[PDB]
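Chemist: Enclosed is the structure file input-v7.cif (mmCIF, N, CA, C and O atoms).
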```
data_upload
#
loop_
_atom_site.group_PDB
_atom_site.id
_atom_site.type_symbol
_atom_site.label_atom_id
_atom_site.label_comp_id
_atom_site.auth_asym_id
_atom_site.auth_seq_id
_atom_site.Cartn_x
_atom_site.Cartn_y
_atom_site.Cartn_z
ATOM 1 N N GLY A 1 7.864 3.733 -23.238
ATOM 2 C CA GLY A 1 6.468 3.505 -23.593
ATOM 3 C C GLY A 1 5.597 3.883 -22.409
ATOM 4 O O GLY A 1 6.019 4.501 -21.478
ATOM 5 N N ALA A 2 4.355 3.431 -22.476
ATOM 6 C CA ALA A 2 3.403 3.939 -21.543
ATOM 7 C C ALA A 2 3.535 3.266 -20.197
ATOM 8 O O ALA A 2 2.889 3.726 -19.307
ATOM 9 N N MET A 3 4.315 2.191 -20.066
ATOM 10 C CA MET A 3 4.631 1.590 -18.783
ATOM 11 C C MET A 3 5.980 2.077 -18.219
ATOM 12 O O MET A 3 6.376 1.640 -17.157
ATOM 13 N N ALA A 4 6.598 3.092 -18.835
ATOM 14 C CA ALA A 4 7.878 3.590 -18.336
ATOM 15 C C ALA A 4 7.665 4.127 -16.911
ATOM 16 O O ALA A 4 6.707 4.873 -16.683
ATOM 17 N N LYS A 5 8.610 3.817 -16.003
ATOM 18 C CA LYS A 5 8.566 4.227 -14.620
ATOM 19 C C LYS A 5 9.344 5.548 -14.544
ATOM 20 O O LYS A 5 10.389 5.671 -15.138
ATOM 21 N N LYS A 6 8.804 6.513 -13.848
ATOM 22 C CA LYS A 6 9.390 7.810 -13.738
ATOM 23 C C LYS A 6 9.571 8.019 -12.252
ATOM 24 O O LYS A 6 8.630 8.135 -11.484
ATOM 25 N N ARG A 7 10.806 8.115 -11.831
ATOM 26 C CA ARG A 7 11.131 8.179 -10.408
ATOM 27 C C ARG A 7 11.325 9.640 -10.020
ATOM 28 O O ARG A 7 11.711 10.488 -10.811
ATOM 29 N N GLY A 8 11.118 9.911 -8.748
ATOM 30 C CA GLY A 8 11.423 11.203 -8.147
ATOM 31 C C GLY A 8 11.860 11.031 -6.710
ATOM 32 O O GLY A 8 11.647 9.978 -6.078
ATOM 33 N N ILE A 9 12.396 12.111 -6.173
ATOM 34 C CA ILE A 9 12.769 12.230 -4.773
ATOM 35 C C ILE A 9 12.087 13.484 -4.243
ATOM 36 O O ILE A 9 12.280 14.554 -4.798
ATOM 37 N N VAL A 10 11.400 13.317 -3.104
ATOM 38 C CA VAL A 10 10.796 14.387 -2.381
ATOM 39 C C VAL A 10 11.835 15.285 -1.725
ATOM 40 O O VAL A 10 12.736 14.784 -1.035
ATOM 41 N N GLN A 11 11.738 16.586 -1.923
ATOM 42 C CA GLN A 11 12.704 17.545 -1.387
ATOM 43 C C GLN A 11 12.259 18.323 -0.160
ATOM 44 O O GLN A 11 13.066 19.011 0.462
ATOM 45 N N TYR A 12 10.944 18.347 0.065
ATOM 46 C CA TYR A 12 10.316 19.049 1.179
ATOM 47 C C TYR A 12 9.228 18.198 1.797
ATOM 48 O O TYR A 12 8.539 17.400 1.122
ATOM 49 N N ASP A 13 8.994 18.403 3.087
ATOM 50 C CA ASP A 13 7.854 17.750 3.716
ATOM 51 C C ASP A 13 6.564 18.399 3.224
ATOM 52 O O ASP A 13 6.502 19.607 2.978
ATOM 53 N N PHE A 14 5.505 17.624 3.175
ATOM 54 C CA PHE A 14 4.183 18.112 2.783
ATOM 55 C C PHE A 14 3.130 17.305 3.523
ATOM 56 O O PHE A 14 3.143 16.068 3.474
ATOM 57 N N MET A 15 2.193 18.040 4.143
ATOM 58 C CA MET A 15 1.108 17.431 4.870
ATOM 59 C C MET A 15 -0.180 17.671 4.104
ATOM 60 O O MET A 15 -0.555 18.818 3.825
ATOM 61 N N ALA A 16 -0.812 16.609 3.674
ATOM 62 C CA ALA A 16 -2.041 16.741 2.900
ATOM 63 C C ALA A 16 -3.115 17.483 3.687
ATOM 64 O O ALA A 16 -3.252 17.255 4.849
ATOM 65 N N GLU A 17 -3.866 18.338 3.015
ATOM 66 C CA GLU A 17 -5.086 18.877 3.586
ATOM 67 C C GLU A 17 -6.291 18.099 3.052
ATOM 68 O O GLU A 17 -7.231 17.814 3.772
ATOM 69 N N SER A 18 -6.342 17.886 1.746
ATOM 70 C CA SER A 18 -7.488 17.186 1.168
ATOM 71 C C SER A 18 -7.159 15.716 0.935
ATOM 72 O O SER A 18 -5.993 15.343 0.911
ATOM 73 N N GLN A 19 -8.173 14.899 0.681
ATOM 74 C CA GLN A 19 -8.025 13.461 0.508
ATOM 75 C C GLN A 19 -7.262 13.093 -0.772
ATOM 76 O O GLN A 19 -6.761 11.969 -0.898
ATOM 77 N N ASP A 20 -7.281 13.983 -1.770
ATOM 78 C CA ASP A 20 -6.598 13.718 -3.009
ATOM 79 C C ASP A 20 -5.091 14.020 -2.932
ATOM 80 O O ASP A 20 -4.405 13.850 -3.941
ATOM 81 N N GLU A 21 -4.635 14.527 -1.786
ATOM 82 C CA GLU A 21 -3.235 14.887 -1.609
ATOM 83 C C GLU A 21 -2.515 13.768 -0.857
ATOM 84 O O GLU A 21 -3.128 12.954 -0.150
ATOM 85 N N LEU A 22 -1.181 13.780 -1.007
ATOM 86 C CA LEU A 22 -0.339 12.746 -0.408
ATOM 87 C C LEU A 22 0.651 13.380 0.576
ATOM 88 O O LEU A 22 1.475 14.206 0.184
ATOM 89 N N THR A 23 0.587 12.938 1.811
ATOM 90 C CA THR A 23 1.584 13.329 2.806
ATOM 91 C C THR A 23 2.918 12.637 2.517
ATOM 92 O O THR A 23 2.963 11.444 2.253
ATOM 93 N N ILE A 24 3.985 13.428 2.547
ATOM 94 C CA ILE A 24 5.314 13.035 2.119
ATOM 95 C C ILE A 24 6.332 13.696 3.036
ATOM 96 O O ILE A 24 6.075 14.753 3.579
ATOM 97 N N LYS A 25 7.492 13.050 3.146
ATOM 98 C CA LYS A 25 8.634 13.554 3.887
ATOM 99 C C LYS A 25 9.827 13.753 2.966
ATOM 100 O O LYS A 25 10.036 12.956 2.073
ATOM 101 N N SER A 26 10.621 14.799 3.231
ATOM 102 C CA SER A 26 11.827 15.054 2.487
ATOM 103 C C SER A 26 12.669 13.778 2.436
ATOM 104 O O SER A 26 12.871 13.098 3.461
ATOM 105 N N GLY A 27 13.121 13.439 1.215
ATOM 106 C CA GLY A 27 13.934 12.260 0.962
ATOM 107 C C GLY A 27 13.140 11.030 0.537
ATOM 108 O O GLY A 27 13.756 10.048 0.071
ATOM 109 N N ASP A 28 11.802 11.098 0.640
ATOM 110 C CA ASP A 28 11.011 9.946 0.256
ATOM 111 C C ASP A 28 11.124 9.713 -1.253
ATOM 112 O O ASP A 28 11.114 10.663 -2.038
ATOM 113 N N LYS A 29 11.175 8.439 -1.638
ATOM 114 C CA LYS A 29 11.196 8.065 -3.038
ATOM 115 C C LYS A 29 9.760 7.898 -3.534
ATOM 116 O O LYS A 29 8.947 7.267 -2.830
ATOM 117 N N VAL A 30 9.529 8.375 -4.739
ATOM 118 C CA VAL A 30 8.205 8.260 -5.366
ATOM 119 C C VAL A 30 8.306 7.798 -6.805
ATOM 120 O O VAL A 30 9.391 7.908 -7.441
ATOM 121 N N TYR A 31 7.165 7.303 -7.337
ATOM 122 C CA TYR A 31 6.976 7.220 -8.746
ATOM 123 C C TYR A 31 6.091 8.369 -9.149
ATOM 124 O O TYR A 31 5.141 8.649 -8.428
ATOM 125 N N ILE A 32 6.428 9.042 -10.213
ATOM 126 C CA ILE A 32 5.632 10.131 -10.731
ATOM 127 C C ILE A 32 4.631 9.564 -11.706
ATOM 128 O O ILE A 32 5.014 9.081 -12.764
ATOM 129 N N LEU A 33 3.348 9.595 -11.317
ATOM 130 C CA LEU A 33 2.307 8.967 -12.119
ATOM 131 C C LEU A 33 1.799 9.934 -13.189
ATOM 132 O O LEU A 33 1.427 9.487 -14.268
ATOM 133 N N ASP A 34 1.694 11.212 -12.822
ATOM 134 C CA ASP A 34 1.065 12.203 -13.697
ATOM 135 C C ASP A 34 1.611 13.575 -13.414
ATOM 136 O O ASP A 34 1.278 14.146 -12.388
ATOM 137 N N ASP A 35 2.486 14.079 -14.310
ATOM 138 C CA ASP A 35 3.030 15.426 -14.169
ATOM 139 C C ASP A 35 2.415 16.384 -15.187
ATOM 140 O O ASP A 35 2.996 17.453 -15.433
ATOM 141 N N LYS A 36 1.333 15.972 -15.834
ATOM 142 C CA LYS A 36 0.757 16.726 -16.948
ATOM 143 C C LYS A 36 -0.640 17.304 -16.682
ATOM 144 O O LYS A 36 -0.969 18.350 -17.235
ATOM 145 N N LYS A 37 -1.459 16.677 -15.850
ATOM 146 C CA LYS A 37 -2.832 17.104 -15.758
ATOM 147 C C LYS A 37 -3.019 18.453 -15.070
ATOM 148 O O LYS A 37 -3.931 19.199 -15.409
ATOM 149 N N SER A 38 -2.212 18.714 -14.036
ATOM 150 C CA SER A 38 -2.299 19.928 -13.226
ATOM 151 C C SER A 38 -1.003 20.722 -13.355
ATOM 152 O O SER A 38 0.075 20.111 -13.444
ATOM 153 N N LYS A 39 -1.104 22.056 -13.301
ATOM 154 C CA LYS A 39 0.068 22.912 -13.473
ATOM 155 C C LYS A 39 1.004 22.885 -12.277
ATOM 156 O O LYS A 39 2.212 22.971 -12.446
ATOM 157 N N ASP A 40 0.464 22.754 -11.061
ATOM 158 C CA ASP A 40 1.262 22.994 -9.859
ATOM 159 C C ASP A 40 1.248 21.788 -8.940
ATOM 160 O O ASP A 40 1.861 21.817 -7.890
ATOM 161 N N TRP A 41 0.628 20.680 -9.372
ATOM 162 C CA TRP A 41 0.536 19.491 -8.552
ATOM 163 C C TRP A 41 0.803 18.281 -9.434
ATOM 164 O O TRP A 41 0.380 18.258 -10.582
ATOM 165 N N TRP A 42 1.575 17.321 -8.934
ATOM 166 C CA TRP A 42 1.869 16.072 -9.614
ATOM 167 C C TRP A 42 1.243 14.915 -8.802
ATOM 168 O O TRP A 42 1.331 14.901 -7.593
ATOM 169 N N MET A 43 0.689 13.932 -9.536
ATOM 170 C CA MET A 43 0.238 12.719 -8.872
ATOM 171 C C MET A 43 1.413 11.760 -8.720
ATOM 172 O O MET A 43 2.036 11.396 -9.702
ATOM 173 N N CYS A 44 1.711 11.410 -7.481
ATOM 174 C CA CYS A 44 2.877 10.587 -7.145
ATOM 175 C C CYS A 44 2.403 9.373 -6.343
ATOM 176 O O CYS A 44 1.351 9.356 -5.688
ATOM 177 N N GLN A 45 3.283 8.373 -6.310
ATOM 178 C CA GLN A 45 3.081 7.154 -5.553
ATOM 179 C C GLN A 45 4.307 6.928 -4.680
ATOM 180 O O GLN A 45 5.418 6.877 -5.203
ATOM 181 N N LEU A 46 4.131 6.688 -3.398
ATOM 182 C CA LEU A 46 5.262 6.389 -2.537
ATOM 183 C C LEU A 46 5.771 4.985 -2.887
ATOM 184 O O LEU A 46 5.024 4.008 -3.010
ATOM 185 N N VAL A 47 7.080 4.861 -3.055
ATOM 186 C CA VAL A 47 7.655 3.574 -3.326
ATOM 187 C C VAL A 47 7.487 2.660 -2.110
ATOM 188 O O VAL A 47 7.192 1.517 -2.278
ATOM 189 N N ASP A 48 7.616 3.185 -0.900
ATOM 190 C CA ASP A 48 7.365 2.433 0.323
ATOM 191 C C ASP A 48 5.875 2.655 0.689
ATOM 192 O O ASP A 48 5.565 3.720 1.269
ATOM 193 N N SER A 49 4.966 1.820 0.177
ATOM 194 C CA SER A 49 3.586 1.712 0.649
ATOM 195 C C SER A 49 2.661 1.633 -0.556
ATOM 196 O O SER A 49 1.619 1.047 -0.417
ATOM 197 N N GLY A 50 2.966 2.330 -1.662
ATOM 198 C CA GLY A 50 2.049 2.406 -2.754
ATOM 199 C C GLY A 50 0.995 3.484 -2.582
ATOM 200 O O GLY A 50 0.212 3.697 -3.506
ATOM 201 N N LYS A 51 0.998 4.213 -1.486
ATOM 202 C CA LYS A 51 0.013 5.271 -1.268
ATOM 203 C C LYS A 51 0.297 6.421 -2.215
ATOM 204 O O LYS A 51 1.447 6.798 -2.446
ATOM 205 N N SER A 52 -0.750 6.951 -2.834
ATOM 206 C CA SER A 52 -0.668 7.907 -3.919
ATOM 207 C C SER A 52 -1.575 9.120 -3.701
ATOM 208 O O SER A 52 -2.550 9.141 -2.939
ATOM 209 N N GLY A 53 -1.185 10.160 -4.391
ATOM 210 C CA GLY A 53 -1.921 11.402 -4.364
ATOM 211 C C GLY A 53 -1.101 12.556 -4.896
ATOM 212 O O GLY A 53 0.049 12.429 -5.338
ATOM 213 N N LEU A 54 -1.717 13.747 -4.822
ATOM 214 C CA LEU A 54 -1.149 14.972 -5.361
ATOM 215 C C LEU A 54 -0.155 15.567 -4.384
ATOM 216 O O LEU A 54 -0.423 15.623 -3.196
ATOM 217 N N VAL A 55 0.955 16.048 -4.944
ATOM 218 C CA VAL A 55 2.008 16.720 -4.225
ATOM 219 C C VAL A 55 2.420 17.963 -4.989
ATOM 220 O O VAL A 55 2.272 18.026 -6.191
ATOM 221 N N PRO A 56 2.892 19.022 -4.304
ATOM 222 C CA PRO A 56 3.349 20.214 -5.038
ATOM 223 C C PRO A 56 4.450 19.864 -6.049
ATOM 224 O O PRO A 56 5.427 19.211 -5.686
ATOM 225 N N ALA A 57 4.325 20.330 -7.273
ATOM 226 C CA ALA A 57 5.259 19.978 -8.311
ATOM 227 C C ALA A 57 6.692 20.367 -7.982
ATOM 228 O O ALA A 57 7.650 19.608 -8.277
ATOM 229 N N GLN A 58 6.835 21.521 -7.349
ATOM 230 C CA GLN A 58 8.160 22.015 -7.099
ATOM 231 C C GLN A 58 8.840 21.285 -5.947
ATOM 232 O O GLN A 58 9.993 21.639 -5.666
ATOM 233 N N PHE A 59 8.192 20.295 -5.371
ATOM 234 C CA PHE A 59 8.751 19.543 -4.258
ATOM 235 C C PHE A 59 9.407 18.248 -4.736
ATOM 236 O O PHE A 59 10.001 17.542 -3.895
ATOM 237 N N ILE A 60 9.246 17.911 -6.017
ATOM 238 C CA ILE A 60 9.688 16.593 -6.490
ATOM 239 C C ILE A 60 10.836 16.776 -7.466
ATOM 240 O O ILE A 60 10.683 17.488 -8.439
ATOM 241 N N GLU A 61 11.991 16.170 -7.147
ATOM 242 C CA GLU A 61 13.103 16.147 -8.093
ATOM 243 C C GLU A 61 12.953 14.894 -8.981
ATOM 244 O O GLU A 61 13.025 13.775 -8.474
ATOM 245 N N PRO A 62 12.652 15.015 -10.296
ATOM 246 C CA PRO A 62 12.723 13.856 -11.194
ATOM 247 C C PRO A 62 14.127 13.256 -11.201
ATOM 248 O O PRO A 62 15.101 14.017 -11.278
ATOM 249 N N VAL A 63 14.243 11.959 -11.060
ATOM 250 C CA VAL A 63 15.539 11.297 -11.066
ATOM 251 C C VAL A 63 15.391 10.039 -11.895
ATOM 252 O O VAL A 63 14.303 9.632 -12.271
ATOM 253 N N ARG A 64 16.538 9.445 -12.205
ATOM 254 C CA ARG A 64 16.537 8.206 -12.941
ATOM 255 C C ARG A 64 16.456 6.993 -12.006
ATOM 256 O O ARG A 64 17.156 7.049 -10.922
#
```
Before we go any further, please render this structure as structure tokens.

Modeler:
Amino acid sequence: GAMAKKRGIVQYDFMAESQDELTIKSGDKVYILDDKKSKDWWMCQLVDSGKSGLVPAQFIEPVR
């Protein structure tokens, strides 16, 4: 349902340039909040901190 949690693992480091982006390190665990609105960017939430923002789509491995 609409509260289903969708997990991912970060595969590459990424340093945000804009405020809407999320700095991430390879191996970081995330929740995938929105993989539909943008073609090349997903809105993710870090499991350690709750900090959220856009990350390159191809950097996130969806996992269970």

Chemist: Using only C-alpha atoms - which residues lie no farther than 12 Å from the point (13.9, 18.9, -2.2) in the file's frame? Write them as an MDAnalysis selection string.

Modeler: chainID A and resid 8:14 24:29 56:63

Chemist: What does the PyMOL selection byres (((chain A and resi 6 and name CA) around 7) and name CA) select in this file, as a PyMOL selection string?

Modeler: chain A and resi 4-5+7-8+31-32

Chemist: Export, as a compact mmCIF listing (two decimals), in the frame of the given file, the selected residues with N, CA, C and O atoms.

Modeler:
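File written: again08.txt
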```txt
# COMPACT_ATOMS: atom_id res chain seq x y z
N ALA A 4 6.60 3.09 -18.84
CA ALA A 4 7.88 3.59 -18.34
C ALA A 4 7.66 4.13 -16.91
O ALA A 4 6.71 4.87 -16.68
N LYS A 5 8.61 3.82 -16.00
CA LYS A 5 8.57 4.23 -14.62
C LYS A 5 9.34 5.55 -14.54
O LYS A 5 10.39 5.67 -15.14
N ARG A 7 10.81 8.12 -11.83
CA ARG A 7 11.13 8.18 -10.41
C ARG A 7 11.32 9.64 -10.02
O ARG A 7 11.71 10.49 -10.81
N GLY A 8 11.12 9.91 -8.75
CA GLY A 8 11.42 11.20 -8.15
C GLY A 8 11.86 11.03 -6.71
O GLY A 8 11.65 9.98 -6.08
N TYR A 31 7.16 7.30 -7.34
CA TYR A 31 6.98 7.22 -8.75
C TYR A 31 6.09 8.37 -9.15
O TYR A 31 5.14 8.65 -8.43
N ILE A 32 6.43 9.04 -10.21
CA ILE A 32 5.63 10.13 -10.73
C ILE A 32 4.63 9.56 -11.71
O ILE A 32 5.01 9.08 -12.76
```

Chemist: For range 15-30 of chain A, take all atoms listed in the file, fit an axis-aligned box around them, add 6 Å to each of the six sides, then output centre and edge lengths in Å rounded to one decimal, as lines of an AutoDock Vina configuration file.

Modeler:
```
center_x = 2.9
center_y = 13.1
center_z = -1.3
size_x = 34.1
size_y = 23.6
size_z = 24.3
```

Chemist: Within chain A, find each residue whose DSSP state, derived from the backbone, is strand (DSSP E), and express the selection as a list in words.

Modeler: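 Residues of chain A classed as strand (DSSP E): residues 7, 8, 9, 10, 29, 30, 31, 32, 33, 34, 41, 42, 43, 44, 45, 46, 52, 53, 54, 55, 56, 60, 61, 62 and 63 of chain A.
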
Chemist: Atom N of residue 1 in chain A and atom O of residue 21 in chain A, how far apart in Å?

Modeler: 27.2 Å

Chemist: I'd like the contact shell of residue 43 in chain A - 7 Å cut-off, only N, CA, C and O atoms, skipping same-chain residues fewer than 3 positions apart - returned as a VMD selection string.

Modeler: chain A and resid 20 31 to 36 52 to 55

Chemist: What is the distance, in Å and to one decimal place, between atom O of residue 23 in chain A and CA of residue 40 in chain A?

Modeler: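 Separation of atom O of residue 23 in chain A and CA of residue 40 in chain A: 16.8 Å.
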
Chemist: What does the distance between CA of residue 17 in chain A and CA of residue 64 in chain A come to in Å, to one decimal place?

Modeler: 29.2 Å
